[PDB]
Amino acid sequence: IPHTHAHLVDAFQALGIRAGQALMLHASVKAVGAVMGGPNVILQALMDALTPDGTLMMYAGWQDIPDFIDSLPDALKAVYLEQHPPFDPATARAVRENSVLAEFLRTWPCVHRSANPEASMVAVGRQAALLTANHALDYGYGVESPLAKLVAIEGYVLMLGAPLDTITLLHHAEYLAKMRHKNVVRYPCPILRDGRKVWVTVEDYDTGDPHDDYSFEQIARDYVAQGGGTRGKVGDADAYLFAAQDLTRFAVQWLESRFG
């Protein structure tokens, strides 16, 4: 029997999902196993556990972001500058490796989407506009980000069969932590400004590689080992539920003690 909407709602509640929470989801559809109605039901069951007074957010990004054009031959780069479409939040597809669930949520009714193309977040619920508002283009995991706001309202992160290395919130901890050196990247990106395409330069800390000798899975496993978070099964998937404030505090101290 495929997992039902009711059984998923109940499993989310048993894990500790409560009405009114703000929750960021990382997921693997395959890890959950067959669901009666497909991945829509995962999202709807989670929303139902949160109720309309809660909020569900996912990292969408932009699957087709042309941030690599400086590596191309000059003639090809010029074609990209002329012909590549800009980031349009109405149509820009979510990064496939962020789970199809992120693309499902991006196209959900009443969804709100943040403006930073590379770091774009999507959310549905009471605080969806708040979480996604005024997402700065530079340092998209920093102070002016949905991650900062998730911490401020004491939200949560749910890992639903997703590897612990994929906790996007830890990029916000990297931003906050006083470390000896962080790598800064500057890359071009087309956006919409006054309804017209404009290429801008985006500045950020490197999010493709760590700034020192560490991994996100290492931080998260250390957090779990010292009693952090709650663990349970949802469908066939191993699930972890973390408080964003405590995990961020732990991760900053973890990074500063080792690399500060």
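For clarity, a rigid core is taken as the largest C-alpha set superposing within 1.5 Å between two forms. A residue's number is simply how far along the shown sequence it sits, counting from 1.
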Comparing 168-176 with 101-109, larger root-mean-square C-alpha distance from this form in 6 other deposited structures of this protein, core superposed, belongs to 101-109
Which stretch is less alike in 6 other deposited structures of this protein, 90-98 or 159-167, counting RMS CA distance after the rigid core is superposed?
90-98
State which stretch shows the higher mean Cα B factor in the entry: 96-104 or 75-83.
75-83
Do the C-alpha atoms of 21-29 or of 238-246 have the higher average B factor in the entry?
238-246
Just to confirm, going by the entry's C-alpha B-factors, which of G54, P66, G208, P39 comes out highest?
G208
Select one of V157, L130, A177, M121: the residue whose C-alpha shows the highest B-factor in the crystal structure entry.
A177
In terms of the CA temperature factor given in the entry, to which third of its chain does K149 belong: lowest, middle or highest?
lowest
For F216, the third of its chain by CA B-factor is the highest
Please place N183 in the lowest, middle or highest third of its chain according to the CA B-factor in the PDB entry.
highest
Within this chain's modelled residues, let me know which third the CA B factor of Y223 belongs to: lowest, middle or highest.
highest
Cα B factor band for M47 (lowest, middle or highest third within the chain):
lowest
